[PDB]
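Participant: Below are the structure tokens for one structure; questions will follow.
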Amino acid sequence: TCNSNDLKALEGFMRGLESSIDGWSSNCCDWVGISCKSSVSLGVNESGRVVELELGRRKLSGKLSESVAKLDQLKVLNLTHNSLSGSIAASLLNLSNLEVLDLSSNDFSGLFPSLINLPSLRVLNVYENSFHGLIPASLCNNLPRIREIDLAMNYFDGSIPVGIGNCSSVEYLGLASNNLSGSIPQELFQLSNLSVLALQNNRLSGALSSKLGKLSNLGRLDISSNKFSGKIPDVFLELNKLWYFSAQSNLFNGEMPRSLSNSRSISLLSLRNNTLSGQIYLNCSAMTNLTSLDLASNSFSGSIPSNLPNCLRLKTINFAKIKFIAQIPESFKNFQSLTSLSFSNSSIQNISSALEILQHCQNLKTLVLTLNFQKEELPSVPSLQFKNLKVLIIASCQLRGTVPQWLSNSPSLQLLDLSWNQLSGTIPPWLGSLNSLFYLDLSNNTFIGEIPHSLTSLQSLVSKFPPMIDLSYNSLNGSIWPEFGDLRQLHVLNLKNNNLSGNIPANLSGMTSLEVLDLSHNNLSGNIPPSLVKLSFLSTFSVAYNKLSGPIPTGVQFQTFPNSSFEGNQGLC
Ligand SMILES: *[C@@H]1O[C@H](CO)[C@@H](O)[C@H](O)[C@H]1NC(C)=O
Ligand SMILES: *[C@@H]1O[C@H](CO)[C@@H](O)[C@H](O)[C@H]1NC(C)=O
Ligand SMILES: *[C@@H]1O[C@H](CO)[C@@H](O)[C@H](O)[C@H]1NC(C)=O
Ligand SMILES: *[C@@H]1O[C@H](CO)[C@@H](O)[C@H](O)[C@H]1NC(C)=O
Ligand SMILES: *[C@@H]1O[C@H](CO)[C@@H](O)[C@H](O)[C@H]1NC(C)=O
Ligand SMILES: *[C@@H]1O[C@H](CO)[C@@H](O)[C@H](O)[C@H]1NC(C)=O
Ligand SMILES: *[C@@H]1O[C@H](CO)[C@@H](O)[C@H](O)[C@H]1NC(C)=O
């Protein structure tokens, strides 16, 4: 049997909402989202008390009534993922039985209540709201049972409070995605039970202290996207549980500390977009947990470290925007762990050698070679085989050649981007036979001849990065096959700046998911087929600069297209 004073409180709460909660019978202890425990359980009159109110993802809207603080036996309040807004009553943080507070993913704003007394609280979740001002200075002075604090994705600003050290039982502390600035207070390095520290996406600056070594339970540390500067402290011997470290996008300099090069624990390491100098060095017999390594966009000199294939767990590698001026070492022939490689804009030479070597990597799914090998010849040798390859991107390399047959040795290929090279010849009809291939970018080469009918037959675009065939800026001729209509999964078809001829097929609307359709700058005749009005998702369209004539379809999407996307045609009206 439900309690009197608790029902009054639940009423005020309902009074504050904008819509009624389904499932709320007049006995509230049987209501959905509520849990009761007897007065004598919690220890002459005995009633049900409301210990747990769980409303998550209920599509609720309104303020959060001050009266909710009148349930004193409340243990867990979970409001997550709703539309609630307004401020938080000071009293809502004075509850002495409260264990779990989850307000995350709502519209709450205002200052966050500065006095928090929740002597029983395990969990505090305000993640992703509109709160602003300071993180409460005394926040940790009253939370002796505390485990996780998540303030992330808010407007908190100023420095991280010096009082942060009084939080010594805490394990998870997310401060990420706020307006926080300044140096990290030393007190922070006194929380010794802390296994996750997320400071990412703030204005924080200054040094990263040696004192970081004091947090010896740290498994995951994200300081990325800040103003942090100077050298990365050589502390990694002591942080022996740490598997995830991202310092990406800061002002760090100097070279990587030897202990980081020696970490037994580190798994995902991301240093990208700092300015770090010297030669990349990893002791690959030490770092046996290393899986992802991102050094991209940094000041390194020297060569590509050839000892790297000795890393037995190392799967993905991003070396982009590091200027080596080097070939790929032959030792890469031995890399069995490697699944993903990006050398993009790294000054790599000898694509002939690069591909001879990289093909012996059995497990490589994805290879990004963009902005290297300037004006070199794309290898034509049929015997190169990348069996497990899924993504191949080699773009803006000014590569000379035809589309090579050795690609056919990549049967499982999903994504192929050859755009912005000097490639020529006809588009090979065998491209149509790649069954997994949903993204093809051949644009801005010199290709000639006709679009192969087999493209019309590609398995992945028929039935079950946006799916795209982009042939634009070539010398292509012939007409647009009406069987393009069989591609029901195609989002983008970009044919612009070719010389294509005849009529827009009309069967073109079987393409149910077509979003972008660009035919501009060709030589096309006839009318825009009225059936094209059937493409429900087509946001952007151009036939501009052709020989087309007739009425423009009445449409609605058609009604949206700018004047610009019909211009250049004889008869359009
Ligand atoms: C809040 O409720 C959701 C389900 O609605 C659940 O997944 C989540 O774990 C709850 N939050 C906490 C801190 O228990
Ligand atoms: C790289 O890091 C700098 C310095 O923190 C930042 O200003 C910039 O936005 C970052 N750029 C990218 C592409 O992440
Ligand atoms: C290795 O990394 C994994 C997760 O990728 C982590 O669970 C584990 O703690 C790490 N091993 C060591 C030695 O810390
Ligand atoms: C590299 O690692 C091994 C094993 O951890 C170690 O014994 C060796 O001396 C290290 N070499 C360097 C250059 O630090
Ligand atoms: C390649 O290098 C140039 C010159 O350093 C740089 O400005 C640009 O961001 C890089 N391009 C890409 C897309 O990586
Ligand atoms: C490409 O790389 C290999 C291996 O070092 C070398 O034999 C060859 O001469 C290079 N090719 C050119 C044209 O520089
Ligand atoms: C085509 O490629 C060149 C460089 O390869 C580039 O400068 C140019 O802007 C590109 N043109 C178009 C239309 O994208």
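Heads up, chain A uses Swiss-Prot numbers, so what you see runs 28-51, 60-78, 82-502, 534-642.
Note: Cβ is positioned from N, Cα and C throughout, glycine not excepted.
Quick paste from Swiss-Prot:
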type	residues	note
CARBOHYD	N83	N-linked glycosylation site
CARBOHYD	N116	N-linked glycosylation site
CARBOHYD	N132	N-linked glycosylation site
CARBOHYD	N204	N-linked glycosylation site
CARBOHYD	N217	N-linked glycosylation site
CARBOHYD	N231	N-linked glycosylation site
CARBOHYD	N311	N-linked glycosylation site
CARBOHYD	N383	N-linked glycosylation site
CARBOHYD	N388	N-linked glycosylation site
CARBOHYD	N482	N-linked glycosylation site
CARBOHYD	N546	N-linked glycosylation site
CARBOHYD	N568	N-linked glycosylation site
REPEAT	85-109	repeat 'LRR 2'
REPEAT	110-133	repeat 'LRR 3'
REPEAT	135-156	repeat 'LRR 4'
REPEAT	181-205	repeat 'LRR 6'
REPEAT	206-229	repeat 'LRR 7'
REPEAT	253-277	repeat 'LRR 9'
REPEAT	301-325	repeat 'LRR 10'
REPEAT	351-372	repeat 'LRR 12'
REPEAT	373-397	repeat 'LRR 13'
REPEAT	476-496	repeat 'LRR 17'
REPEAT	581-604	repeat 'LRR 20'
REPEAT	606-629	repeat 'LRR 21'
Participant: Find the shortest Cα-Cα separation between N383 (N-linked glycosylation site) and the glycosylation sites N83, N204, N231, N546, and name the residue that gives it.
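Facilitator: Closest by Cα: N546.
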Participant: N546 (N-linked glycosylation site): which of the glycosylation sites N83, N217, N311, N568 have a C-alpha within 10 angstroms of it?
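Facilitator: Within 10 Å of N546 (N-linked glycosylation site): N568.
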Participant: Any idea which of the glycosylation sites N204, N217, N383, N482 has the thinnest Cβ neighbourhood at 10 Å?
Facilitator: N217
Participant: Based on DSSP, tally up the residues of the repeat 'LRR 20' (581-604) by helix, strand and coil.
Facilitator: 5 helix, 3 strand, 16 coil
Participant: Ranked by the number of other Cβ atoms within 10 Å of their own Cβ, which of the glycosylation sites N83, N116, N546 ranks first?
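Facilitator: Counting Cβ neighbours within 10 Å, the top one is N116.
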Participant: Please report the Cα separation of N116 (N-linked glycosylation site) and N132 (N-linked glycosylation site) in Å, rounded to an integer.
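Facilitator: Cα of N116 (N-linked glycosylation site) to Cα of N132 (N-linked glycosylation site) measures 17 Å after rounding.
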Participant: To see if you understand the setup: which same-chain residues, six or more apart in sequence, place their Cβ under 8 Å from that of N388 (N-linked glycosylation site)?
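Facilitator: Within the chain, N388 (N-linked glycosylation site) has Cβ neighbours under 8 Å at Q365, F411, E414.
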Participant: Residue list, the repeat 'LRR 12' (351-372) vs rest of chain: Cβ under 8 Å, 6 or more residues beyond ends.
Facilitator: 305, 310, 318, 322, 326-336, 338, 340-342, 344-345, 378-388, 391-392, 395-396, 398-399, 406
Participant: Could you state the CA-to-CA distance between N83 (N-linked glycosylation site) and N132 (N-linked glycosylation site) to the nearest Å?
Facilitator: 25
Participant: What is the number of residues in the repeat 'LRR 4' (135-156) that are helix, strand and coil, as DSSP sees it?
Facilitator: 0 helix, 4 strand, 18 coil
Participant: Using a Cβ-Cβ cut-off of under 8 Å, list the residues of the same chain that are 6+ residues beyond the ends of the repeat 'LRR 13' (373-397) and lie near it.
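Facilitator: Cβ under 8 Å, 6 or more out: 334, 346-347, 349-367, 403-411, 414-417, 422-424, 431, 435, 437.
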Participant: 10 Å Cβ neighbour count around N231 (N-linked glycosylation site)?
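Facilitator: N231 (N-linked glycosylation site): 13 neighbouring Cβ atoms within 10 Å.
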Participant: If I take the Cα of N311 (N-linked glycosylation site) as reference, which of the glycosylation sites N132, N217, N231, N482, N568 has the closest Cα?
Facilitator: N217
Participant: Can you tell me which of these glycosylation sites sit near ligand 5, meaning the Cβ is under 6 Å from at least one of its atoms: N116, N231, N383?
Facilitator: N383
